[PDB]
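A.B. asks: To start, I am sharing the structure in question, which I have written as structure tokens.
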Amino acid sequence: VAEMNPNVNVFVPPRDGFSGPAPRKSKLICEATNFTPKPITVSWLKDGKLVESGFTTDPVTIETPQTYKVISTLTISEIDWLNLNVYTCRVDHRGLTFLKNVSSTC
Amino acid sequence: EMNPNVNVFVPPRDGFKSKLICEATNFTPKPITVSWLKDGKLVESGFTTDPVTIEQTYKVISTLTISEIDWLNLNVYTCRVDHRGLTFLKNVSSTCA
Amino acid sequence: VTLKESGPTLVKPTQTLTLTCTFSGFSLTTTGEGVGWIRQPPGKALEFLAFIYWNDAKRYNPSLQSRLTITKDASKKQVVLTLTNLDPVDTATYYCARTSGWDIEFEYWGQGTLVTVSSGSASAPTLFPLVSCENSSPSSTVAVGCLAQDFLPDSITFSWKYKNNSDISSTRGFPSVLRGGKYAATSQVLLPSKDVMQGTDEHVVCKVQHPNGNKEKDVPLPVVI
Amino acid sequence: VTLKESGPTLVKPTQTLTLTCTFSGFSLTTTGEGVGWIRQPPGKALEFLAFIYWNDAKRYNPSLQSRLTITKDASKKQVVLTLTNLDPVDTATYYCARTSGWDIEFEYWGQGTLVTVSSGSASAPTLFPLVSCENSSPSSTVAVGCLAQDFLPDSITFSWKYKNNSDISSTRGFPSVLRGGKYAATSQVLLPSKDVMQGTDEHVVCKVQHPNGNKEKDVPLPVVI
Amino acid sequence: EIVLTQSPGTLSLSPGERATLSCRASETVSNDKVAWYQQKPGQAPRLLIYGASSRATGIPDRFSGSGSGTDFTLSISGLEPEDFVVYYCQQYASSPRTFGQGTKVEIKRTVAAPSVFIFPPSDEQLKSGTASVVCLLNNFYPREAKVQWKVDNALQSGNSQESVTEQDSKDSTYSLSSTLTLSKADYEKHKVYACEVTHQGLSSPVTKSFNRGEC
Amino acid sequence: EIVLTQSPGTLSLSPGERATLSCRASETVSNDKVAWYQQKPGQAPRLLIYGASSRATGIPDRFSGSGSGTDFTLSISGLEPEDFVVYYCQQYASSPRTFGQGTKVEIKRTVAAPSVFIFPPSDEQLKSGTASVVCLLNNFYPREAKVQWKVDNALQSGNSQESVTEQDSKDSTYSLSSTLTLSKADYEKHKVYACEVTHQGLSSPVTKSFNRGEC
Ligand SMILES: *[C@@H]1O[C@H](CO)[C@@H](O[C@@H]2O[C@H](CO)[C@@H](O)[C@H](O)[C@H]2NC(C)=O)[C@H](O)[C@H]1NC(C)=O
Ligand SMILES: *[C@@H]1O[C@H](CO)[C@@H](O[C@@H]2O[C@H](CO)[C@@H](O)[C@H](O)[C@H]2NC(C)=O)[C@H](O)[C@H]1NC(C)=O
């Protein structure tokens with residue numbers, strides 16, 4: 001009944017979000033909500049380099065226009081985060097690319 | 001019987017309303033209760049719990065709806081996890097503050 | 001022993017209908033041998049019209065008496081059937097058979113021919129797109145169809161192809177029904193759900209092979225996702 | 001017309017077994033009337049032991065001849081049956097009936113009594129917990145059982161209760177089997193899987209009502225979740 | 001005029017079992033001159049037994065006929081998948097002769113829930129002044145099924161022809177299509193169109209409907 | 001000595017249908033003095049027909065007897081749920097008399113997949129020197145089923161008694177229990193214990209097993 005552009009949101013850990021034996025590790029969450037079509041491609045970029053390992057994407061589930069939600073988790077290292085590395089979530093939607101840039105800089 | 005790990009995610013420093021996700025992983029048994037706190041006060045609405053999924057280990061995720069003004073007001077948000085009679089509390093705040 | 005029928009495929013109501021039963025390999029000289037006509041409307045049972053014995057002995061049905069005539073010609077070895085006062089409800093396929101004696105009745109049958117009695121003309125078929133309005137229940141699979149309407153006589157074969165001219169096995173063929181002097185039929189196709197929500201192809205072509213035109217309209221896919 | 005049996009409920013092998021068939025309301029004076037004994041081992045068919053007519057006329061089975069004796073006492077109006085050389089395979093329930101003439105045979109039947117022939121003694125039943133080892137397949141529901149063993153005679157009723165002394169409708173009762181001179185039986189109960197992963201009650205109590213002791217052991221649930 | 005009635009019209013049999021076909025005549029037939037015929041859809045009918053007791057050339061011996069007078073029964077041993085066709089009994093002692101209604105035999109199968117789909121008329125078709133709403137039933141058993149049209153809580157009648165396909169060769173199921181025909185002016189005066197499907201394997205009826213303008 | 005054999009041992013009938021019970025005698029019976037008896041589990045047997053042709057007091061007229069000599073058939077019209085009990089035929093012209101094996105009638109129902117559960121012996125029971133492994137089958141039809149014990153790929157034999165319950169009053173299904181008995185020393189010499197269950201409604205056999213020490 002309708003087509004809406006996907007929304008890109010990136011979640012990052014806080015300053016006290018790292019735990020475990022050294023080196024500490026955390027996770028990054030990229031979620032798209034109220035997007036159509038249901039299929040979606042999620043890719044992670046680190047300083048222009050594609051990430052091909054250490055990531056797990058949950059299956060798309062249903063949250064009147066039909067809505068869907070997708071959750072993706074990427075494992076990151078504390079050392080890389082401290083080096084002001086920029087993480088970008090790549091979303092593909094009918095040939096359109098949406099990018100969101102996040103960083104620890106204030 | 002292993003204590004569940006409690007992790008709280010925060011919105012990006014350079015901007016996004018937003019949502020708070022509390023994740024408990026590598027816990028047993030399956031039943032688990034997750035709640036949210038706001039400045040030491042019980043939250044009665046604005047939070048939802050997703051069905052528990054299988055990663056034997058299980059995974060549970062909870063979503064809390066927050067506003068931009070409240071997050072920037074240095075309010076304290078705590079994720080409460082109860083498992084096998086034990087309560088875990090994690091406090092987070094603004095990193096740039 | 002074999003029999004072959006022949007005649008016009010389209011006749012107007014209230015006219016004269018003539019059919020010929022062509023047989024070869026025997027002669028109507030021995031006793032007991034005879035030829036009869038049996039018709040069967042679609043969805044109904046066999047109907048007996050008339051039977052003719054040797055020595056120019058003919059029998060007629062009282063329900064259809066004074067309406068049919070039986071004539072035979074030994075020179076051409078074929079019986080001639082004449083039908084008057086044509087009615088749309090009398091449309092059926094006519095068969096002829098040979099009786100090899102007094103007890104063995106209708107031992108050999110031919111092939112028959114469809115004789116349609118409709119006031120209309122043999123116009124080209126008309127295709128109409130069909131979009132499924134199903135909602136809140138995708139289920140295991142979904143189906144789409146193609147509405148072939150206004151065709152005469154009923155002889156249509158359905159084939160489904162994708163945008164890239166692929167092959168689809170539907171095998172779902174609904175029989176035609178006489179509605180308002182014309183035959184109407186619908187054909188559907190079963191496709192996997194995953195394939196529909198995948199390739200960029202947003203439409204498929206509906207193809208019909210009718211001897212009145214080679215038109216082929218395309219039905220746009222509603223797309224699931 | 002009614003009949004009542006009586007006798008010992010437990011007899012040792014290679015001994016003397018005596019049974020009395022108590023009847024009231026008629027006298028063995030008219031011709032044709034007679035009394036007979038019919039036994040039936042569990043899982044087997046009826047077995048004919050002997051029959052006695054009037055005028056002190058008695059008949060015996062050749063397969064069991066010179067092993068049974070029939071005696072009647074008109075004063076007490078009850079027939080006395082004596083069984084010698086008791087064998088465990090001969091354990092069965094004995095019934096007596098009245099024949100009201102020559103054609104109407106065994107018109108009225110009594111109730112019977114179970115005569116168990118076992119070398120052992122009537123010991124108290126022993127309960128054993130049963131833990132479900134099912135894994136990788138929760139299925140519809142989970143089941144837990146209770147193994148009542150070493151009981152004699154076979155008279156046990158099973159009831160299932162929760163930790164809070166609730167009521168359960170199991171109705172799963174298995175018949176007892178003679179194994180090594182003792183009867184063994186098993187009882188189970190079906191409980192929903194949701195309740196296991198919910199209330200803190202991690203065990204249930206197995207209760208048996210046998211006239212040799214009022215013990216009641218509890219069967220702990222294995223919990224799967 | 002000898003009236004021949006065959007019952008039951010449709011019967012469900014299994015391969016390898018025995019099938020008995022009944023043929024009822026309105027009066028006695030002289031010399032028991034009754035014959036049986038086999039007809040397959042698409043092809044031409046073929047004679048099997050003449051005189052109710054003598055088989056013809058090229059007919060297997062598994063077909064047996066018995067009875068006389070006004071009662072005739074056809075027994076077939078070793079039922080085959082190719083034998084699930086329509087059979088007719090006919091007598092040739094009347095002159096003119098008459099044919100019976102015929103009986104159809106189907107392969108017995110388990111009950112399968114049908115799928116219901118409704119296609120609203122296309123915009124192009126509405127321009128022609130005729131609107132056709134279809135109701136499709138697929139993969140149901142037995143063939144007997146009730147299809148009722150309900151629009152604006154008003155039950156329709158006298159305007160449904162109904163077309164049903166034959167038994168599937170590889171699936172042994174049945175399918176039928178019901179078409180709703182109404183005037184273009186009447187179509188614009190109604191909002192919701194729904195067809196009700198009732199099946200033996202469904203606990204409750206399932207109804208599907210659509211809203212005008214959203215499709 | 002008159003041997004009486006009744007066949008079939010178990011037959012599946014439906015309510016409202018007709019049931020025929022056969023009684024075979026090893027020799028002719030004088031004056032056709034054959035009687036039928038009805039027995040219900042738990043209660044006492046009751047006489048129905050004496051002399052194979054005369055009913056007794058308090059017996060419904062729906063029970064009919066026929067035949068003579070060495071062939072006797074018992075026909076019952078209007079089968080009732082309460083009539084699904086064991087029936088015996090007996091003759092009183094022998095002196096001494098003999099009884100037949102008896103036939104059991106069950107309610108016909110559809111095939112339902114059984115549930116298999118195995119409980120390893122408890123630690124407390126092992127202290128007594130006896131180990132009992134159980135194999136439970138519930139909600140299966142028909143009553144005929146094969147239960148085989150396989151431990152360490154060695155098929156066991158001569159050590160299984162097998163107990164089977166009666167037909168359920170409200171479910172019409174059957175249940176049986178199989179108990180595995182072995183010495184305590186032999187129990188410690190084997191690792192995996194499994195019972196194989198074969199059912200008509202299962203495409204492939206289902207096997208359940210457990211590992212020693214994990215339960
Ligand atoms: C025409 O395009 C369709 C796309 O809908 C192709 O179908 C896909 O390709 C595979 C291999 O032929 C098919 O089996 C699947 O149905 C489709 N794949 C997936 C992942 O859904 C089709 O193959 C194309 N035709 C040709 C000749 O290549
Ligand atoms: C004893 O505890 C059990 C818990 O295992 C109670 O069972 C629950 O309570 C309802 C109401 O009685 C039962 O119908 C259900 O089986 C259980 N609830 C759910 C949500 O499964 C049981 O009620 C308790 N006994 C008493 C007397 O209260």
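Letters A, B, ... go to the chains of the structure tokens in the order shown; residues in each chain start at 1; ligands are counted from 1 in the same order.
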Could you superpose chain D on chain C by least squares over every Cα, matched in sequence order, and send it back as a tab-separated table (two decimals) with C-alpha atoms, in the first residue's frame?
C.D. replies:
chain	number	residue	atom	x	y	z
D	1	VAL	CA	-12.42	-50.59	-38.40
D	2	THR	CA	-12.39	-46.83	-37.84
D	3	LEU	CA	-14.81	-43.92	-38.18
D	4	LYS	CA	-14.25	-40.22	-38.85
D	5	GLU	CA	-16.69	-37.33	-38.43
D	6	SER	CA	-16.80	-34.01	-40.26
D	7	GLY	CA	-18.92	-30.89	-40.31
D	8	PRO	CA	-19.10	-27.16	-39.59
D	9	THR	CA	-17.59	-26.04	-36.29
D	10	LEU	CA	-20.00	-23.10	-35.92
D	11	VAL	CA	-23.71	-22.94	-36.78
D	12	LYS	CA	-26.27	-20.24	-36.03
D	13	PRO	CA	-29.49	-21.09	-34.15
D	14	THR	CA	-32.62	-21.89	-36.16
D	15	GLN	CA	-30.73	-23.16	-39.20
D	16	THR	CA	-29.76	-26.44	-40.90
D	17	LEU	CA	-26.98	-28.61	-39.46
D	18	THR	CA	-25.38	-31.33	-41.59
D	19	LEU	CA	-22.84	-33.92	-40.43
D	20	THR	CA	-21.10	-36.76	-42.27
D	21	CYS	CA	-19.80	-39.98	-40.70
D	22	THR	CA	-16.93	-41.25	-42.86
D	23	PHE	CA	-16.19	-44.97	-42.53
D	24	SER	CA	-14.19	-47.38	-44.67
D	25	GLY	CA	-13.51	-51.10	-44.44
D	26	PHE	CA	-17.02	-52.54	-44.38
D	27	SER	CA	-20.34	-52.39	-46.22
D	28	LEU	CA	-23.90	-52.20	-44.86
D	29	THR	CA	-25.01	-55.40	-46.60
D	30	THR	CA	-25.12	-58.05	-43.86
D	31	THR	CA	-28.02	-58.17	-41.43
D	32	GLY	CA	-27.70	-56.69	-37.94
D	33	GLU	CA	-25.17	-54.05	-38.99
D	34	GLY	CA	-26.31	-50.49	-38.39
D	35	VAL	CA	-25.18	-46.93	-37.73
D	36	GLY	CA	-26.33	-44.65	-34.92
D	37	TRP	CA	-25.66	-41.16	-33.63
D	38	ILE	CA	-24.95	-40.44	-29.96
D	39	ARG	CA	-24.39	-36.94	-28.56
D	40	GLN	CA	-23.28	-35.79	-25.12
D	41	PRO	CA	-23.56	-32.22	-23.83
D	42	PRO	CA	-20.67	-31.14	-21.58
D	43	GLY	CA	-21.35	-32.25	-18.02
D	44	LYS	CA	-24.26	-34.49	-19.08
D	45	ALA	CA	-24.76	-38.10	-20.14
D	46	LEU	CA	-25.02	-39.68	-23.59
D	47	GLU	CA	-28.14	-38.93	-25.64
D	48	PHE	CA	-29.55	-41.21	-28.34
D	49	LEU	CA	-30.71	-39.43	-31.51
D	50	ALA	CA	-31.55	-42.12	-34.08
D	51	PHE	CA	-30.50	-45.50	-35.47
D	52	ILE	CA	-30.77	-46.95	-38.98
D	53	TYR	CA	-30.71	-50.66	-39.82
D	54	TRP	CA	-30.18	-52.31	-43.21
D	55	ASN	CA	-32.76	-52.49	-46.05
D	56	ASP	CA	-33.40	-48.76	-45.52
D	57	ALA	CA	-34.91	-49.42	-42.07
D	58	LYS	CA	-34.64	-46.38	-39.79
D	59	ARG	CA	-35.73	-45.71	-36.21
D	60	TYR	CA	-36.32	-42.35	-34.53
D	61	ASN	CA	-36.67	-41.17	-30.95
D	62	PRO	CA	-40.26	-40.18	-30.03
D	63	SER	CA	-38.91	-37.30	-27.92
D	64	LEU	CA	-37.25	-35.95	-31.11
D	65	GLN	CA	-39.66	-37.41	-33.69
D	66	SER	CA	-40.51	-35.39	-36.82
D	67	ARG	CA	-37.32	-33.36	-36.28
D	68	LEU	CA	-34.46	-35.52	-37.65
D	69	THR	CA	-33.87	-37.28	-40.96
D	70	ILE	CA	-31.60	-40.24	-41.73
D	71	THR	CA	-30.20	-40.76	-45.23
D	72	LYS	CA	-27.56	-43.22	-46.44
D	73	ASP	CA	-25.52	-43.36	-49.65
D	74	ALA	CA	-23.83	-46.67	-50.45
D	75	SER	CA	-21.82	-45.05	-53.26
D	76	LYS	CA	-19.87	-42.81	-50.86
D	77	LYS	CA	-20.22	-45.23	-47.90
D	78	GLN	CA	-21.20	-42.47	-45.48
D	79	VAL	CA	-24.42	-41.66	-43.62
D	80	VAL	CA	-25.77	-38.10	-43.83
D	81	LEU	CA	-27.41	-36.51	-40.78
D	82	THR	CA	-29.60	-33.39	-41.02
D	83	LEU	CA	-30.56	-31.33	-37.96
D	84	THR	CA	-33.17	-28.57	-38.03
D	85	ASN	CA	-34.41	-26.05	-35.45
D	86	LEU	CA	-31.03	-25.62	-33.79
D	87	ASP	CA	-31.11	-24.64	-30.12
D	88	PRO	CA	-28.25	-23.47	-27.86
D	89	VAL	CA	-29.14	-26.12	-25.26
D	90	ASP	CA	-28.61	-28.83	-27.89
D	91	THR	CA	-24.89	-28.08	-28.30
D	92	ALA	CA	-22.95	-31.33	-27.95
D	93	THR	CA	-20.38	-33.55	-29.65
D	94	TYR	CA	-21.83	-36.09	-32.08
D	95	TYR	CA	-20.36	-39.59	-32.43
D	96	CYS	CA	-21.13	-42.45	-34.81
D	97	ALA	CA	-20.45	-46.14	-34.24
D	98	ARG	CA	-20.80	-49.48	-36.02
D	99	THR	CA	-22.77	-52.43	-34.62
D	100	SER	CA	-21.23	-55.79	-35.53
D	101	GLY	CA	-24.32	-57.94	-35.22
D	102	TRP	CA	-27.36	-58.09	-32.96
D	103	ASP	CA	-25.61	-58.38	-29.57
D	104	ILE	CA	-22.34	-56.49	-30.15
D	105	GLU	CA	-23.62	-52.90	-30.22
D	106	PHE	CA	-21.28	-49.94	-30.86
D	107	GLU	CA	-18.10	-52.01	-30.93
D	108	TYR	CA	-16.02	-49.35	-32.73
D	109	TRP	CA	-16.20	-45.61	-32.07
D	110	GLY	CA	-14.73	-42.73	-34.05
D	111	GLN	CA	-13.43	-39.39	-32.78
D	112	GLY	CA	-16.36	-36.95	-33.03
D	113	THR	CA	-16.47	-33.22	-33.66
D	114	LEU	CA	-17.61	-30.27	-31.56
D	115	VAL	CA	-20.62	-28.45	-33.05
D	116	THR	CA	-21.19	-25.16	-31.21
D	117	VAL	CA	-24.58	-23.47	-31.58
D	118	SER	CA	-24.22	-19.81	-30.61
D	119	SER	CA	-25.88	-16.69	-32.00
D	120	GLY	CA	-22.61	-14.77	-31.68
D	121	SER	CA	-19.58	-14.79	-33.95
D	122	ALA	CA	-16.11	-16.29	-33.48
D	123	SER	CA	-14.50	-13.21	-31.96
D	124	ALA	CA	-10.96	-12.94	-30.67
D	125	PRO	CA	-10.42	-13.75	-26.97
D	126	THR	CA	-10.14	-10.88	-24.51
D	127	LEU	CA	-7.65	-10.94	-21.63
D	128	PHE	CA	-8.08	-9.04	-18.37
D	129	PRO	CA	-5.39	-8.57	-15.69
D	130	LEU	CA	-5.96	-9.92	-12.19
D	131	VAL	CA	-4.36	-8.24	-9.17
D	132	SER	CA	-4.16	-10.17	-5.90
D	133	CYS	CA	-5.74	-8.14	-3.09
D	134	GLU	CA	-4.75	-10.57	-0.32
D	135	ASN	CA	-3.39	-8.90	2.80
D	136	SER	CA	-2.49	-9.74	6.41
D	137	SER	CA	-2.04	-13.40	5.37
D	138	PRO	CA	0.92	-14.21	3.08
D	139	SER	CA	0.27	-17.95	3.60
D	140	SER	CA	2.37	-20.50	1.70
D	141	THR	CA	2.54	-18.79	-1.71
D	142	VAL	CA	0.87	-16.04	-3.72
D	143	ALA	CA	-1.20	-16.59	-6.86
D	144	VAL	CA	-1.93	-14.50	-9.95
D	145	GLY	CA	-4.45	-15.31	-12.67
D	146	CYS	CA	-5.52	-14.50	-16.22
D	147	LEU	CA	-9.15	-14.17	-17.34
D	148	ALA	CA	-9.59	-15.20	-20.98
D	149	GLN	CA	-13.09	-14.04	-21.94
D	150	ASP	CA	-15.19	-13.76	-25.11
D	151	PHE	CA	-13.78	-16.69	-27.08
D	152	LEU	CA	-15.47	-19.12	-29.47
D	153	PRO	CA	-15.12	-22.04	-30.02
D	154	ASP	CA	-13.61	-23.31	-26.75
D	155	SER	CA	-10.04	-24.18	-27.76
D	156	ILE	CA	-7.42	-22.39	-25.64
D	157	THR	CA	-4.09	-23.52	-24.20
D	158	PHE	CA	-2.48	-21.63	-21.32
D	159	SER	CA	1.25	-21.08	-20.85
D	160	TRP	CA	3.00	-18.97	-18.21
D	161	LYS	CA	6.38	-17.30	-18.69
D	162	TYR	CA	8.47	-14.92	-16.59
D	163	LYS	CA	9.84	-11.57	-17.75
D	164	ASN	CA	13.02	-13.27	-19.04
D	165	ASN	CA	10.96	-15.71	-21.17
D	166	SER	CA	11.33	-18.63	-18.76
D	167	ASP	CA	9.10	-21.70	-18.35
D	168	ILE	CA	6.44	-22.27	-15.69
D	169	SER	CA	4.58	-25.49	-14.85
D	170	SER	CA	1.10	-24.37	-13.78
D	171	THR	CA	-1.22	-27.05	-15.26
D	172	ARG	CA	-4.21	-25.22	-13.71
D	173	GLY	CA	-6.83	-25.33	-16.45
D	174	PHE	CA	-10.47	-24.54	-15.74
D	175	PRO	CA	-13.21	-25.67	-18.15
D	176	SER	CA	-15.22	-23.07	-20.03
D	177	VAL	CA	-18.76	-22.13	-19.02
D	178	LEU	CA	-21.48	-20.80	-21.34
D	179	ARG	CA	-22.57	-17.40	-19.97
D	180	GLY	CA	-24.72	-15.10	-22.09
D	181	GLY	CA	-24.01	-16.90	-25.35
D	182	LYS	CA	-20.22	-16.80	-24.86
D	183	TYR	CA	-17.70	-19.10	-23.21
D	184	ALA	CA	-15.72	-17.81	-20.23
D	185	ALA	CA	-12.65	-19.38	-18.63
D	186	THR	CA	-10.14	-18.54	-15.91
D	187	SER	CA	-6.51	-19.62	-15.50
D	188	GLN	CA	-4.14	-19.12	-12.57
D	189	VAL	CA	-0.55	-19.96	-11.62
D	190	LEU	CA	1.24	-20.61	-8.32
D	191	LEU	CA	4.50	-18.76	-7.69
D	192	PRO	CA	6.72	-18.74	-4.58
D	193	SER	CA	6.57	-15.68	-2.36
D	194	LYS	CA	10.38	-15.54	-2.13
D	195	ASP	CA	10.74	-14.77	-5.85
D	196	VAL	CA	8.37	-11.79	-5.54
D	197	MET	CA	10.61	-10.20	-2.88
D	198	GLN	CA	13.79	-10.77	-4.87
D	199	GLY	CA	14.17	-10.39	-8.63
D	200	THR	CA	13.27	-7.02	-10.12
D	201	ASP	CA	10.69	-8.68	-12.42
D	202	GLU	CA	7.40	-7.13	-11.29
D	203	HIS	CA	5.13	-8.68	-13.94
D	204	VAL	CA	4.56	-11.80	-16.04
D	205	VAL	CA	2.99	-12.36	-19.45
D	206	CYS	CA	-0.21	-14.32	-20.09
D	207	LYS	CA	-0.19	-16.17	-23.41
D	208	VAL	CA	-3.15	-17.82	-25.15
D	209	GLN	CA	-3.07	-19.69	-28.48
D	210	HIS	CA	-6.54	-19.31	-30.04
D	211	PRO	CA	-7.24	-19.37	-33.80
D	212	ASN	CA	-8.73	-15.87	-33.77
D	213	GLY	CA	-5.73	-13.71	-32.79
D	214	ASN	CA	-2.30	-13.92	-31.17
D	215	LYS	CA	-2.73	-11.26	-28.48
D	216	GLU	CA	-0.86	-11.67	-25.20
D	217	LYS	CA	-1.47	-9.32	-22.26
D	218	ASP	CA	0.77	-9.10	-19.20
D	219	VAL	CA	-0.54	-9.43	-15.63
D	220	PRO	CA	1.38	-7.24	-13.15
D	221	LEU	CA	2.11	-8.74	-9.76
D	222	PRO	CA	0.71	-6.79	-6.78
D	223	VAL	CA	3.79	-7.52	-4.58
D	224	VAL	CA	3.16	-8.10	-0.86
D	225	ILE	CA	6.54	-8.79	0.81
A.B. asks: Would you mind listing, as a count of residues only, all residues of chain B that have at least one atom within 12 Å of chain D, where only C-alpha atoms are what counts?
C.D. replies: 10
A.B. asks: According to DSSP computed on the backbone, where in region 105-190 of chain C is there strand (DSSP E or B)? Give the residues as a PyMOL selection string.
C.D. replies: chain C and resi 108-109+113-117+126-128+142-149+151+158-161+168+173+177-179+182-184+187-190
A.B. asks: Please save N, CA and C atoms of the selected residues as a short mmCIF file (atom, residue, chain, number, x, y, z; two decimals), in the first residue's frame.
C.D. replies:
data_model
loop_
_atom_site.label_atom_id
_atom_site.label_comp_id
_atom_site.auth_asym_id
_atom_site.auth_seq_id
_atom_site.Cartn_x
_atom_site.Cartn_y
_atom_site.Cartn_z
N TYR C 108 -16.94 -50.15 -32.16
CA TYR C 108 -15.90 -49.24 -32.58
C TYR C 108 -16.45 -47.82 -32.60
N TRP C 109 -15.71 -46.89 -31.99
CA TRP C 109 -16.09 -45.49 -31.92
C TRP C 109 -15.05 -44.63 -32.63
N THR C 113 -16.69 -34.49 -33.20
CA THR C 113 -16.39 -33.10 -33.52
C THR C 113 -17.32 -32.19 -32.72
N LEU C 114 -16.77 -31.08 -32.23
CA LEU C 114 -17.54 -30.14 -31.43
C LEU C 114 -18.33 -29.22 -32.36
N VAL C 115 -19.65 -29.19 -32.18
CA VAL C 115 -20.54 -28.35 -32.97
C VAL C 115 -21.16 -27.34 -32.01
N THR C 116 -20.69 -26.10 -32.06
CA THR C 116 -21.17 -25.05 -31.17
C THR C 116 -22.31 -24.30 -31.83
N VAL C 117 -23.41 -24.14 -31.10
CA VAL C 117 -24.59 -23.43 -31.58
C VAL C 117 -24.71 -22.16 -30.74
N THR C 126 -10.49 -11.94 -25.37
CA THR C 126 -10.17 -10.72 -24.64
C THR C 126 -9.56 -11.08 -23.30
N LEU C 127 -8.39 -10.52 -23.00
CA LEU C 127 -7.70 -10.77 -21.75
C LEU C 127 -7.91 -9.60 -20.80
N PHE C 128 -8.06 -9.91 -19.51
CA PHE C 128 -8.25 -8.90 -18.48
C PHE C 128 -7.32 -9.21 -17.32
N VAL C 142 0.97 -18.05 -2.79
CA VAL C 142 -0.04 -17.18 -3.37
C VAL C 142 -0.14 -17.50 -4.86
N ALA C 143 -1.31 -17.19 -5.43
CA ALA C 143 -1.60 -17.50 -6.82
C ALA C 143 -2.13 -16.27 -7.54
N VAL C 144 -1.85 -16.19 -8.84
CA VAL C 144 -2.35 -15.13 -9.70
C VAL C 144 -2.92 -15.79 -10.95
N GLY C 145 -3.84 -15.08 -11.61
CA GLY C 145 -4.51 -15.65 -12.76
C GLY C 145 -4.55 -14.78 -14.00
N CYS C 146 -5.37 -15.17 -14.97
CA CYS C 146 -5.52 -14.45 -16.22
C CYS C 146 -6.91 -14.73 -16.76
N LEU C 147 -7.68 -13.68 -17.02
CA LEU C 147 -9.10 -13.79 -17.36
C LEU C 147 -9.24 -13.73 -18.88
N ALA C 148 -9.25 -14.90 -19.52
CA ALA C 148 -9.53 -15.00 -20.94
C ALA C 148 -11.05 -15.04 -21.14
N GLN C 149 -11.60 -14.01 -21.78
CA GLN C 149 -13.03 -13.87 -21.94
C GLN C 149 -13.36 -13.58 -23.40
N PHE C 151 -14.43 -15.68 -26.08
CA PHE C 151 -13.79 -16.57 -27.04
C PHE C 151 -14.79 -17.61 -27.52
N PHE C 158 -3.07 -22.47 -22.12
CA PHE C 158 -2.45 -21.44 -21.30
C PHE C 158 -1.00 -21.78 -21.01
N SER C 159 -0.13 -20.78 -21.16
CA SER C 159 1.29 -20.91 -20.86
C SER C 159 1.75 -19.67 -20.12
N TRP C 160 2.53 -19.88 -19.06
CA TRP C 160 3.01 -18.79 -18.21
C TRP C 160 4.52 -18.65 -18.37
N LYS C 161 4.98 -17.42 -18.59
CA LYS C 161 6.39 -17.11 -18.73
C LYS C 161 6.73 -15.89 -17.89
N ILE C 168 7.07 -21.99 -16.96
CA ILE C 168 6.30 -22.23 -15.75
C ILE C 168 5.34 -23.39 -16.01
N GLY C 173 -6.23 -25.79 -15.43
CA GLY C 173 -7.13 -25.37 -16.49
C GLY C 173 -8.59 -25.56 -16.14
N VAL C 177 -17.62 -22.07 -19.38
CA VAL C 177 -19.04 -22.09 -19.07
C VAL C 177 -19.75 -21.10 -19.98
N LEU C 178 -20.91 -21.51 -20.50
CA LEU C 178 -21.70 -20.66 -21.40
C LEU C 178 -22.44 -19.62 -20.57
N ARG C 179 -22.06 -18.35 -20.72
CA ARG C 179 -22.69 -17.25 -20.00
C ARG C 179 -23.03 -16.15 -20.99
N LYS C 182 -21.80 -16.62 -24.70
CA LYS C 182 -20.36 -16.72 -24.90
C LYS C 182 -19.76 -17.60 -23.82
N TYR C 183 -18.63 -18.23 -24.15
CA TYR C 183 -17.91 -19.08 -23.21
C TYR C 183 -16.93 -18.25 -22.41
N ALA C 184 -16.93 -18.44 -21.09
CA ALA C 184 -16.04 -17.74 -20.18
C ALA C 184 -15.23 -18.74 -19.38
N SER C 187 -7.98 -19.00 -15.80
CA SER C 187 -6.80 -19.83 -15.61
C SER C 187 -5.88 -19.18 -14.59
N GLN C 188 -5.34 -19.99 -13.69
CA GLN C 188 -4.46 -19.53 -12.63
C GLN C 188 -3.10 -20.22 -12.75
N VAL C 189 -2.18 -19.82 -11.87
CA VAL C 189 -0.83 -20.39 -11.85
C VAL C 189 -0.31 -20.31 -10.42
N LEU C 190 0.41 -21.36 -10.01
CA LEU C 190 1.00 -21.43 -8.68
C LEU C 190 2.49 -21.11 -8.77
#
